[PDB]
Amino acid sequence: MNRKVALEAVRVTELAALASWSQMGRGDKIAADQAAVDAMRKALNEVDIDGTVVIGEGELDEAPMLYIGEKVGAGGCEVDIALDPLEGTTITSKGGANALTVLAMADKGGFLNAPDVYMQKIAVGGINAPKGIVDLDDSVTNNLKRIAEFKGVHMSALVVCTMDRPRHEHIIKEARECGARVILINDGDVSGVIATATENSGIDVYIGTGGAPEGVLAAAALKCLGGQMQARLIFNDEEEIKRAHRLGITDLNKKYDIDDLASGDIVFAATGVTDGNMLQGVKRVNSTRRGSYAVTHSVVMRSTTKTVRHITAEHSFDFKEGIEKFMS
């Protein structure tokens, strides 16, 4: 996997984010997701890889573009790709927090090829955090005690993040009961998980259930940033079990370590769409010296080098023209 592909992936997430931003707060989820899918597919087909989507918009049944198995790329090293063209159920359409475009790449077989089902997740940051510090089968209380001990802080210092959902009431109650502070995001548990390993995020732990593709993407990031994570797939009906069986998953209650989610040489890239607790959103800027432009804020990382690059890009644009020109 050539060292060039890392920086080429940022451009993909950037184009996808600018497309999404044209639809931000337009109250049309479908238009936002389609802008992002279109931009991200068109841009991947300019990347020099022999890519196979292993995590994408769905099965070829359901999704015309970026479907499982889709081959993408102009040609190059053989890589498996994990994609989230636009993170968020409604975030972008309402202008909510933590909207993101996400892309990861691994050597063939480097990702758990997750169906879109729910996944329980627990994650903590820290390059020196040891395996076993978090376990999904331990109580919230014991995981938090171990985290607090390793970080050297009183329990009330710890900021636990989870999604505002009824399914998380118990996590919330138990964490508050043992003294921690528990903040709630409305969506976007890729940002929520990775925040545990980002400087100055104000987030120490992530506990919650969210999308499985998002779990894998976040594990990719933390593979690069340092941290520990445990996840478990959840199945609501028999068709989800069939999807897993077709992907090779038969131990349905397997606990995946972070190394089982993403292994080997990993590249992870994301661009912000709206402001979130990982990356800021796209912004319109006017400057006399340099004119008007959109600003995107992105991050690309690589597990083998451990290199992390934060990127602020200025894309020239005459904002007298319609914003949908940012679509591809």
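The first residue of the shown sequence is 1; numbering continues from there. Take the two forms, superpose them, and find the largest set of C-alpha atoms that agree within 1.5 Å; that set is the rigid core.
A.B. asks: Please work out whether 241-249 or 191-199 has the higher root mean square C-alpha deviation in 4 other deposited structures of this protein relative to the shown form, with the rigid core as fitting region?
C.D. replies: Clearly, after the core fit, the stretch farther away in 4 other deposited structures of this protein is 241-249.
A.B. asks: Between 125-133 and 222-230, which has the larger RMS C-alpha deviation from this form in 4 other deposited structures of this protein after core superposition?
C.D. replies: After the core superposition, the stretch with higher RMS deviation in 4 other deposited structures of this protein is 125-133.
A.B. asks: Would you determine, from the values in the PDB entry, which of 246-254 and 117-125 has the greater average C-alpha temperature factor?
C.D. replies: Between 246-254 and 117-125, it is 246-254 that shows the higher mean C-alpha B-factor.
A.B. asks: Which of the two stretches, 278-286 or 57-65, shows the higher mean Cα temperature factor in the record?
C.D. replies: In the deposited entry, the stretch with the higher C-alpha B-factor mean is 57-65.
A.B. asks: Per the coordinate record, which of the options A97, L103, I147, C178 holds the highest CA temperature factor?
C.D. replies: The record points to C178.
A.B. asks: Choose from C77, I194, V216, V182 the residue with the greatest Cα B-factor as stated in the PDB record.
C.D. replies: Highest CA B-factor of the listed options: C77.
A.B. asks: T296: which third of its chain by C-alpha temperature factor?
C.D. replies: Its C-alpha B-factor belongs to the lowest third of this chain's values.
A.B. asks: Pull the Cα B-factor of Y206 out of the PDB entry and bin it into the chain's lowest, middle or highest third.
C.D. replies: Lowest third, going by the recorded CA B-factors of the chain.
A.B. asks: Sorting the chain's CA B-factors, does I241 end up in the lowest, middle or highest third?
C.D. replies: Highest third, going by the recorded CA B-factors of the chain.
A.B. asks: Just say lowest, middle or highest third for the CA B-factor of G272 relative to the other modelled residues in its chain.
C.D. replies: For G272, whose C-alpha B-factor we compare with every modelled residue in the chain, the answer is the lowest third.
A.B. asks: C-alpha B factor of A31, ranked within the chain: lowest, middle or highest third?
C.D. replies: Middle third.
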